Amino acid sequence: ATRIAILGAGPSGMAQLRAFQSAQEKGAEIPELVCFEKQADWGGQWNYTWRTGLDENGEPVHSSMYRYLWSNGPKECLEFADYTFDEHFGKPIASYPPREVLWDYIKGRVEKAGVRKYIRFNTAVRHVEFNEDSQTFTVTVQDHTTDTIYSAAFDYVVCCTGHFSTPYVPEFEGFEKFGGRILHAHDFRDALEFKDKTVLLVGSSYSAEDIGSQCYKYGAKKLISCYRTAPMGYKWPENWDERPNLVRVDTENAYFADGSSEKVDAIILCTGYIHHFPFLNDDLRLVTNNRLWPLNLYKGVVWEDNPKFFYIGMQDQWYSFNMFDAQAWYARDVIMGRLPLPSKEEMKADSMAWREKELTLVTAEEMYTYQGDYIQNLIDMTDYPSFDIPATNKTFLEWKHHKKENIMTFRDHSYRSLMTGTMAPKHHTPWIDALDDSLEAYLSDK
């Protein structure tokens, strides 16, 4: 009786469970499933917590999400092909929902699927070891409800623990004497903490854009963004400027490669994350920077040194929810014997060709399109519903232009669903004025 361990109940682990349940619903015999989740509820990043650093059990706090976060790209680019926004909400809604709204949506699918029963919440995965003599994995966990550590044997293991939770936090000279708060983006919670302050944001990617936008929207006095290689380059509001990189700090001031200098109240390092798996030894352990094509993953999913071990969602993410689906459906089919694996040599050659293409990429359009091609290849192999990928790529193109037009109003635009054709209505309140982030305020009138 074959047995599967799924590590994590975020979007990826939820998709993995959904994938199996869907095969079962069609009448197939499926493996026994156990899913381990260290948090008290599913949803992963989208499960908000006020906690910071270490959680109530002493495990690293997982979510990096903050008050007032809304979708960074069109919801239409992340809609599940087997569970639409229309089905879930019963009505059209706008295109960039707040966190709690997206959280409600991803949970809706697995509530309907009835797969909560497979999950052991409040349980941290400590160790995964492969045993050569038995060809099984031993998974060791800590159940923080009973405060006991136990282990169990599995035939296959699917790792869904994310890669945007363990921060990359570089040091700058003087940090030990600066008098204001220093935090990583991962620790950022309520933008109101910085009302009427001067905030320095170190970095120039999605985290800097959006955390600065929150500080702006909720009333920071002044924002400074500094970049290591090139500026974000958007037209920012009046109280926000982009400088070349921080070089040092003193008691109160930041100094930049500019020769400029000024007083700053708080420093937020928006400097990204590391791939970190403390429960894996080197035989199973993925080591990569954040990118579209990590190596050693056949079809981006199958660990090439031991193809009884799988990874979901370890790539950088233009696409997200329906990419995890495409991967989870594929992992499922491999595990079930529907898609036999080629030799290790063929895997290696295939992965090298995908890496060669990855190194070629220059524009944003080339990047999301490459990821669409990856997804296309996955959904063609499986009964996951095909959806219109070139039309999703075109939605990304529109979104890109909207950001360039005006970085503060991109969230005020609407797109059509590629699953239903339903056009998103305009939201009742422009983003800059929509201060309440609750699901109730978003879905109600006003």
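Heads up: residue numbers just count along the shown sequence, starting at 1.
Relative to one another, 157-165 and 224-232 have unequal mean CA B-factors, and 224-232 is the one with the higher figure.
Just going by the entry, 344-352 versus 178-186 on mean CA temperature factor gives the higher value to 344-352. Ranking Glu79, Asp333, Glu262, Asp143 by the C-alpha B-factor listed in the PDB entry places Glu262 at the top. Taking only the listed residues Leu102, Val362, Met314, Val110, the entry reports the highest CA temperature factor at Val362. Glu132: CA B factor lies in the highest third for its chain, per the PDB record.
Remark: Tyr255 belongs to the highest third of its chain, ranked by C-alpha B-factor as recorded. When the modelled residues of the chain are ordered by C-alpha B-factor, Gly44 sits in the lowest third. Remark: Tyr96 belongs to the middle third of its chain, ranked by C-alpha B-factor as recorded. Looking at the C-alpha B-factors along this chain, the one for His88 belongs to the middle third.
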